[PDB]
Amino acid sequence: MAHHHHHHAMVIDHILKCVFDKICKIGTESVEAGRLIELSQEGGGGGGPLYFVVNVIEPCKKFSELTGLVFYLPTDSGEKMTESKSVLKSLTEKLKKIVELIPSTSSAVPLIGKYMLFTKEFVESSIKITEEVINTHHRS
């Protein structure tokens with residue numbers, strides 16, 4: 001869209017809506033395959049449908065502030081990002097362990113898992129975009 005050779009704050013704060021936009025495109029669309037696949041098996045388990053949004057949004061919350069610390073308080077070409085990404089892989093560890101509580105729904109692991117890695121590979125965009133500004137960040 002533009003370049004504007006200068007400090008990063010006015011034009012850098014705008015890019016946020018650029019990376020946060022797509023996230024909703026494929027992120028909001030998954031809201032269907034997530035409830036469609038679950039309900040197909042049972043959509044319940046140890047509790048109700050709130051356990052799916054409570055366990056999914058739980059980790060997302062702490063990340064909500066992270067998405068704002070990368071487009072506002074950048075520590076590097078992908079510091080706050082690469083540091084927050086490690087949480088996405090370590091987070092699933094809590095969902096995969098569900099087999100110890102309700103292994104009945106675990107059968108969906110290989111079902112919904114197709115979407116899991118999907119976003120995991122999309123979140124990388126965070127460091128991808130910054131790869132364009134790194135040209136200056138790295139230098140100075």
# chains A, B, ... in the order shown; residues from 1 in each chain; ligands from 1

$ residues_around --residues "residue 17 (chain A)" --least-positions-apart "5" --cutoff "10 Å" --atoms "only C-alpha atoms" --output "list in words"
residues 22, 23 and 71 of chain A

$ write_last_selection --atoms "C-alpha atoms" --output "short mmCIF file (atom, residue, chain, number, x, y, z; two decimals), in the first residue's frame"
data_model
loop_
_atom_site.label_atom_id
_atom_site.label_comp_id
_atom_site.auth_asym_id
_atom_site.auth_seq_id
_atom_site.Cartn_x
_atom_site.Cartn_y
_atom_site.Cartn_z
CA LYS A 22 -7.17 -12.22 7.84
CA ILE A 23 -7.04 -13.89 11.26
CA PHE A 71 2.15 -3.85 16.56
#

$ residues_around --residues "residue 103 (chain A)" --least-positions-apart "6" --cutoff "10 Å" --atoms "only C-alpha atoms" --output "list in words"
residues 45, 46, 96, 97 and 109 of chain A

$ closest_atom_pairs --of "region 38-82 of chain A" --to "region 111-123 of chain A" --cutoff "10 Å" --atoms "only C-alpha atoms" --output "Markdown table"
| residue | atom | partner | partner_atom | distance |
| --- | --- | --- | --- | --- |
| A:38 | CA | A:112 | CA | 8.5 |
| A:81 | CA | A:123 | CA | 9.0 |
| A:82 | CA | A:123 | CA | 9.9 |

$ write_last_selection --atoms "N, CA, C and O atoms" --output "short mmCIF file (atom, residue, chain, number, x, y, z; two decimals), in the first residue's frame"
data_model
loop_
_atom_site.label_atom_id
_atom_site.label_comp_id
_atom_site.auth_asym_id
_atom_site.auth_seq_id
_atom_site.Cartn_x
_atom_site.Cartn_y
_atom_site.Cartn_z
N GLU A 38 -17.82 -31.39 16.21
CA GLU A 38 -18.07 -31.77 17.59
C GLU A 38 -19.48 -32.36 17.75
O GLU A 38 -19.64 -33.50 18.17
N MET A 81 6.33 -12.15 18.99
CA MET A 81 5.62 -13.11 18.16
C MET A 81 6.14 -14.53 18.38
O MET A 81 5.40 -15.41 18.81
N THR A 82 7.42 -14.73 18.09
CA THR A 82 8.04 -16.04 18.25
C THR A 82 7.92 -16.53 19.69
O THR A 82 7.93 -17.73 19.95
#

$ select_by_dssp --residues "chain A" --states "helix (DSSP H, G or I)" --output "count of residues only"
100

$ residues_around --residues "residue 63 (chain A)" --least-positions-apart "3" --cutoff "12 Å" --atoms "only C-alpha atoms" --output "list in words"
residues 56, 57, 58, 59, 60, 66, 67, 68, 69, 70, 80, 81, 83, 84, 85, 86, 87, 88, 91 and 123 of chain A

$ write_last_selection --atoms "C-alpha atoms" --output "compact mmCIF listing (two decimals), in the first residue's frame"
# COMPACT_ATOMS: atom_id res chain seq x y z
CA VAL A 56 -10.27 -22.34 23.45
CA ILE A 57 -10.84 -18.72 24.46
CA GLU A 58 -8.93 -19.24 27.71
CA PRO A 59 -5.52 -19.23 25.99
CA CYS A 60 -6.72 -16.73 23.38
CA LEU A 66 0.11 -10.21 22.71
CA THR A 67 -1.33 -9.26 19.32
CA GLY A 68 -1.22 -5.67 20.55
CA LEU A 69 2.32 -5.83 21.91
CA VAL A 70 3.72 -6.73 18.49
CA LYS A 80 6.89 -10.98 21.03
CA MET A 81 5.62 -13.11 18.16
CA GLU A 83 7.67 -15.92 22.03
CA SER A 84 3.87 -16.05 21.88
CA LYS A 85 3.84 -18.70 19.16
CA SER A 86 5.45 -21.19 21.55
CA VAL A 87 2.25 -20.88 23.58
CA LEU A 88 0.09 -22.11 20.70
CA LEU A 91 -1.45 -24.88 24.67
CA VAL A 123 0.07 -17.37 12.52
